[PDB]
């Protein structure tokens, strides 16, 4: 409720919000990629070729912006591990600190 305990509960809320944001950030980037993919699969020629390369290029830009934003696929998955690990470590700390304050009271 107060002090370090308050701070831990707020760090936990922060980390939980990090996971949620990053995951919606990924759904966003992937929805974009999937739609460009479905578009390449809707093509019938010189025109179709012109268009397929344009879309692949565009999908190439969307992949670059994403890695610059969420890192690679390797560090994107390890980032969520430390968050989950930390949230879980924070949760046991909180219980013990409440128990400590209870012990006294």
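Residue numbers count along the first chain shown, from 1.
Counting the deposited residues that fall between residue 44 and residue 45 and carry no coordinates gives a value of 4 to 9. In this crystal structure, the stretch out of 70-78 and 52-60 whose C-alpha atoms carry the higher mean B factor is 70-78. Here the stretch with the larger average CA B-factor, out of 7-15 and 81-89, is 81-89.
When the modelled residues of the chain are ordered by C-alpha B-factor, residue 40 sits in the highest third.
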